[PDB]
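Chemist: Here's my sequence, what's the structure:
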Amino acid sequence: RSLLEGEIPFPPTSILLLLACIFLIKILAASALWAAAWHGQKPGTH
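Modeler: Residues are numbered from 1 along each chain as shown. Coordinates below:
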């Protein structure tokens, strides 16, 4: 008896997913650039 799993989500939803995406890429990107620069910006060793 777990009716909580058989209920449909309210028809609104998709816009919420878009908000998640903006949060996601914003983190994964900013952290990465901050790292490589913090060691050396534009490293040489060509």
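Chemist: Now do the helices in the chain.
Modeler: 14-39 (DSSP state H).
Chemist: Distance check, the residue most central in space within the chain against residue 31.
Modeler: In the chain, the residue lying closest to the centroid (Cα atoms, centre = their mean) is residue 24, at 1.1 Å. To residue 31, residue 24 is 12 Å away according to Cβ to Cβ, to the nearest Å. C-betas here are computed from N, CA, C, even on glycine.
Chemist: Just want the phi and psi numbers for residue 44.
Modeler: Per-residue torsions, residue 44: phi -90, psi -100 (degrees, to the nearest 10).
Chemist: where's it relative to residue 19, distance?
Modeler: From residue 44 to residue 19 the distance is 40 Å (Cβ to Cβ).
Chemist: How about residue 31?
Modeler: Counting by Cβ to Cβ, the gap from residue 31 to residue 19 is 20 Å.
Chemist: What of residue 5?
Modeler: Following Cβ to Cβ, the distance that separates residue 5 from residue 19 is 25 Å.
Chemist: likewise residue 11?
Modeler: 17 Å.
Chemist: which of these two has more neighbours?
Modeler: Relative neighbour count places residue 19 above the other of residue 11 and residue 19, with 9 against 6, counting by other Cβ atoms under 10 Å.
Chemist: Quick check: the more buried one vs residue 4, distance?
Modeler: For residue 19, the distance to residue 4 (Cβ to Cβ) stands at 24 Å.
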